[PDB]
Amino acid sequence: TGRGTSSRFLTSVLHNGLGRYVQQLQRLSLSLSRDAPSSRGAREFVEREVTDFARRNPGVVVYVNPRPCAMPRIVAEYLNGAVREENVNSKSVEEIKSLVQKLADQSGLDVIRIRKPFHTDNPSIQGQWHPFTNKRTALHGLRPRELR
Amino acid sequence: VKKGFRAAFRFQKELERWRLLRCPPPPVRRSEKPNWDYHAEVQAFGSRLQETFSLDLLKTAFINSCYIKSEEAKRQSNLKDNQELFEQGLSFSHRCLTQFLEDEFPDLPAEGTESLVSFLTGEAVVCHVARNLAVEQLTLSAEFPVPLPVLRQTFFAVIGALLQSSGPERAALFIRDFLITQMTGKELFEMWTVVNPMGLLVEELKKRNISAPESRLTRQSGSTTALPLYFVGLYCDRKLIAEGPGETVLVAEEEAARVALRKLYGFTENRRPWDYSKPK
Amino acid sequence: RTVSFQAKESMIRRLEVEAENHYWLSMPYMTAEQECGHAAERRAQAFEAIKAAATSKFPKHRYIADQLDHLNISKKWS
Amino acid sequence: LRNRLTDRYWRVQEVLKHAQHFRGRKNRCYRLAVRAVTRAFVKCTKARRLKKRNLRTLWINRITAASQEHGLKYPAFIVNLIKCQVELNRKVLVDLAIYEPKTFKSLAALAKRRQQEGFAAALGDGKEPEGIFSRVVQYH
Amino acid sequence: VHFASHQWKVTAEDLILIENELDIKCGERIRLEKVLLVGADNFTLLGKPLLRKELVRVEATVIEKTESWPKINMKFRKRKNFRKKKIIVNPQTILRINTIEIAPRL
Amino acid sequence: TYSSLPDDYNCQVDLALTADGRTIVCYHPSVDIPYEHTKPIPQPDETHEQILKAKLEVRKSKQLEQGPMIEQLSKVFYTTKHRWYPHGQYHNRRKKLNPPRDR
Amino acid sequence: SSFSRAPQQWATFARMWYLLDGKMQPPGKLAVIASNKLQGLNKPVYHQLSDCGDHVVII
Amino acid sequence: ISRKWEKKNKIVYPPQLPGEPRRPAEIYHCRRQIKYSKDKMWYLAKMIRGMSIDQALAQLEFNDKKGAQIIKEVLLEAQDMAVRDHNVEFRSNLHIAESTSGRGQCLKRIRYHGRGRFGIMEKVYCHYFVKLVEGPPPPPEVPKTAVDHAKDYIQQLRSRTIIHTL
RNA sequence: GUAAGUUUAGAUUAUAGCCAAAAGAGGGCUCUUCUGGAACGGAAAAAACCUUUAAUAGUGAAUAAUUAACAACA
Ligand SMILES: [Mg+2]
Ligand SMILES: [Mg+2]
């Protein structure tokens, strides 16, 4: 499946942790139905947990739209431009609450095979190895068997 | 003909996917699409960065002159520009960026510390930084996608609005976090273009009253083949200052000059890492 | 065949360990008679636990709450 | 024909999406593609374990090259560092040799010296002072 | 630095990926406490097997908490079939190394 | 001269133990190349392209045919001829347009 | 260190020329040294996909 | 059955602005049911690829195959409509961008054998497609020079990285 | 030292094995009797010999089995 799929290297959006950490999630949309058994669990989430989540995360704008609906759905958008969409059909409050927290922590970068765990832009402090390191020089720079 | 409508419904969705790939839709600004409230979006912008802004000032920054022209033309069939804030914001950034660089690299020449500031205030860096902070989404203009000169202007206007509200010390942290970070992993001459590096080196050595260097061939391999390696070292007063690798003697010798210059100005690869630790 | 050097050594090392096993098994702390009855109480208690679990099977309680909670499937915002 | 399966289109696409990068009729014929995909998945699972073993061989190969530049064989270098209470693993040692040549040379001398101390202790017999680098710190 | 069950060669501004949940909020600073070696251009210090707390201090930050991409596990069995298959996804976290400091207490 | 490795090529190794005996200190300054061990640059007679053109001299038949041209190329770069032949359209269309870059 | 990107890469992967003298030596022992350098197993940057061999000259 | 090649002639672009290169004209033409094998027609359609209208018509006039005459007549009609309906100025200023053959609807019959046996016979048909683009034929292919080959080889060597390490 | 065993009620499938190692009996087969086995590692490929308590992610670590062995006098 690796040869059947794309891959990338480990990175961060804008050097997130160097100076100050910025939260990538910026918008949430949740759609509901007033009276539909499928969306009962989402309704309870609005009743109890929606306001508390908004306060703990003040950089995210949350939209709640009751309307005639068949499947409740959540849309998450990020600063780098990614968009993610999830169905919430007939799920419990606990399931939805835990799902939302995962979205907050994520950065919009694609979830695919990552080639290496570690990324460094300054791998060497003493100088990268080349063949001439560890080779002694010679007087007058005479290559082997040169008479001079 | 099978009974049921659910399979027909599913297939309509796939036909939608196929059509999009073949005929990608033209870009649209997020304001047009649903789930948009301008007032709420602006407030989250400030809180996202852990900085406090005055709402009246911040909104003015996003407005652009071209936007006013479009509205009036539609109107025939008040506002207030960000021009004042743009000039103030850009001016401080140039001075603030220069102050950072000189302390870090005092020896480095004046022309150098102008190229780096020009490099870090160009469209490439500013436009790239602006988009990932949502500045493009909140901009008001007559053309979308926003042209880079327009996008760049609105970015510095925002810094100007931050300067007025919270003063110099806060803005200096803002420039460090978002603009100075962009030089991580960048070699000096990648940001500053110098032709004839040897000529510059000779003048610099004269100022400190040092003798002109003597070029010599420290190491050699495969000279007569089509893939040769050369090491050239600049010797001063029979003392080594720099050593450089290259394909040809001329290329390798030029490489030694750049190595020497970097050490003189203290912009080496193994130099002390920049400091973001200070909370003040 | 010829037995390789590795095989000969590996076998010797295992022989040496077993030799020590013989030694440490030659010095019983208690004789047979002293052992008799020294652990009777603990053993008897253990079986009592086993028997109690075996004879404890029975159906489970049924509650009105479980049956009537099914009606919440049609809860709504009025 | 009272009841007929109406979803066969999507059940077919599940297999065929994993076969688009094959060559031949294996990438478009279901009866052939299905056999090839399961063989690929079996290989994918068995190669997760084999990968870890392969990388260790690569590390040992590169370490032998780095040590021999200083005149040391691989067994001597690794063993003596352990006797000095150094617990660096093979993966990190390869990084130092490639990216920290001076630090690697320092470790090369340390391992060589500890080897020499062991040789002296072996030849000399009786009670003699132990080597400076042959002293073991204790924990409790 | 020895962290989790792995050893990492580290420097300031580096990114590290840990393949399990950590219980730390995003944006939080941490101190790595098992350090085996610290080095500079001209000198290096080696612990036996660990350096003392006074000498070296390493700090890191939690940047992202995520999950891995789906991994396919399909045991080898007669009558393998294409649906006798499992998908494994593990939680992950990313740390950015911030600073390394030393003090003159040798 | 306590170091057991010669100090003349890469660096000078000085190894010491702290008083408590819990840390090992390493001092490794670099060694610079002596002036007496260098050669003068041959200023009297250079871009790598010029070297290639002299190597890949077109002398007979103007532009040579595939086969003879490939034999010339293999000698210059010390390869076999098989390296230089093209491939079909199946392999050329599989190639990635934008492979990832690390740093 | 402090080289430009391209010269740094060129230096690391360059190919070296070596000399061996075979007078009175056994051919088998000579082969071991030559095979080591031909494959590139003398370099800490060795990989089977990197083509890191060197030239060997025997007289 | 699909007939899309015909409708391609009815696309209308918006007027070009003054500061823009002049867009060349395009013509699509085909003949649908032909009593000829598509495999045989392929060799004829392949030959005239990339050539100008006059060179194509010259080579067709001296070919002995039955397909050559049919292709020539289709080419002549395409030239006539190009000037008459698609605002082409000069007849000679045209070249063949696309030319290919396609399968048609066929018929099944019986073929007799010698012991009361039989076989299934197909009476085969094919289509022919062309696209004419105004302008001189684009320049031909030039094989890579020895210097060009080498420059690629150095590029390959420069791309190498240290694999599976920090 | 250790956790199974009997009674009651219900229910099929199966009723030809294979190789290694012991002891016999009719004289290489053929029967009878006790023990063991069914690698993804090893013995060159390797159902049956040897190492091996289940199955998961990791660019960690310590080990097991492991086809080779070193022509006269005295
Ligand atoms: Mg292993
Ligand atoms: Mg037929």
Answer yes or no: is there a residue in region A:110-124 that is among the aromatic types (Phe, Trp, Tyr) and within 14 Å of chain B (Cβ to nearest Cβ).
-> no
Among strands (runs of 3 or more DSSP E) entirely within region H:56-147, at least 1 residues that are more than 14 Å from every other protein chain (Cβ to nearest Cβ) and away from ligand 2 (no atom under 16 Å from the Cβ) occur in H:94-103, H:126-134
If we take region E:1-101, then strands (runs of 3 or more DSSP E) inside it with 3 or more residues that are within 14 Å of the chain's Cα centre (by Cα) and either facing chain A (nearest Cβ under 8 Å) or crowded, with 18+ Cβ neighbours inside 10 Å (or both) are E:15-18, E:56-67
Residues of region F:69-90 classified as over 24 Å from the mean Cα position of the chain (by Cα) and facing another protein chain (nearest Cβ under 10 Å), total | 3
Of G:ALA6, G:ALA14, G:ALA34, which residue is of a type outside the set (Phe, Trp, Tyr), in contact with a strand residue (DSSP E or B) (Cβ under 7 Å, 6 or more places away or on another chain) and under 18 Å from H:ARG158 (Cβ atoms)?
-> G:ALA14
Being of a type in the set (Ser, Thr, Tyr), surrounded by 14 or more Cβ atoms within 10 Å (Cβ to Cβ) and part of a loop (DSSP other than H, G, I, E, B) is the filter here, so list the residues in region B:247-280 that pass it.
-> B:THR248, B:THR268, B:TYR276
(1) in a loop (DSSP other than H, G, I, E, B); (2) within 13 Å of chain A (Cβ to nearest Cβ); (3) touching a helix residue (DSSP H, G or I) at 6+ places or on another chain (Cβ under 8 Å): which one isn't true of G:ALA14, the others all being true?
-> (3)
Before we move on, is A:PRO58 of a type outside the set (A, V, I, L, M, F, W, C), more than 30 Å from B:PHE9 (Cα to Cα) and either surrounded by 13 or more Cβ atoms within 10 Å (Cβ to Cβ) or away from chain B (no Cβ under 12 Å) (or both)?
-> yes
Within region B:135-146, the residues that are under 20 Å from the mean Cα position of the chain (by Cα) and farther than 13 Å from B:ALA61 by Cβ are B:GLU136, B:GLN137, B:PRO145, B:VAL146
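Every residue, every condition in (1) more than 22 Å from A:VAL93 (Cβ to Cβ); (2) crowded, with 18+ Cβ neighbours inside 10 Å; (3) aromatic (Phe, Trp, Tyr); (4) within 11 Å of chain B (Cβ to nearest Cβ), yes or no:
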{"position": "A:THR5", "(1), (2), (3), (4)": "yes, no, no, no"}
{"position": "A:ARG8", "(1), (2), (3), (4)": "yes, no, no, no"}
{"position": "A:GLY17", "(1), (2), (3), (4)": "yes, yes, no, yes"}
{"position": "A:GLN24", "(1), (2), (3), (4)": "yes, yes, no, yes"}
{"position": "A:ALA36", "(1), (2), (3), (4)": "no, yes, no, no"}
{"position": "A:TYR63", "(1), (2), (3), (4)": "no, no, yes, yes"}
Those residues of region B:2-24 which are part of a helix (DSSP H, G or I), loosely packed, with under 10 Cβ neighbours inside 10 Å and among the aromatic types (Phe, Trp, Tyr) amount to B:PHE9, B:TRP18
Whichever residue in region A:125-148 is more than 8 Å from every other protein chain (Cβ to nearest Cβ) and aliphatic (A, V, I, L, M) and, among such residues, is surrounded by the most Cβ atoms within 10 Å (Cβ to Cβ) = A:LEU142
Only one of (1) buried (at least 18 other Cβ atoms within 10 Å of the Cβ); (2) under 30 Å from B:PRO273 (Cβ atoms); (3) β-branched (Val, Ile, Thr) does not apply to B:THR98, and that is (1)
Only residues that are under 21 Å from B:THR268 (Cβ atoms), within 12 Å of chain A (Cβ to nearest Cβ) and not in a helix (DSSP H, G or I): list them for region B:164-204, please.
-> B:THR184, B:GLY185, B:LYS186, B:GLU187
List every residue pair whose Cβ atoms lie under 8 Å apart, where the two residues are 6 or more positions apart in sequence or sit on different chains, the first residue falls within region F:78-103 and is within 22 Å of D:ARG23 (Cα to Cα), and the second residue, located anywhere, is exposed (fewer than 10 other Cβ atoms within 10 Å of the Cβ).
-> F:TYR90/D:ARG23
Exactly one condition in (1) more than 18 Å from the chain's Cα centre (by Cα); (2) within 16 Å of ligand 1 (Cβ to nearest atom) is not met by D:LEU5; state its number.
-> (2)
Filter region F:23-40 for residues that are assigned to a loop (DSSP other than H, G, I, E, B) and surrounded by fewer than 16 Cβ atoms within 10 Å (Cβ to Cβ); which is farthest from the other protein chains (Cβ to nearest Cβ)?
-> F:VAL31
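None of the figures in this text is laboratory data; all of them are computed from the coordinates on show. Because the Cβ atoms are built from the backbone with ideal geometry, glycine has one as well, and the counts that use them run over all protein chains shown.
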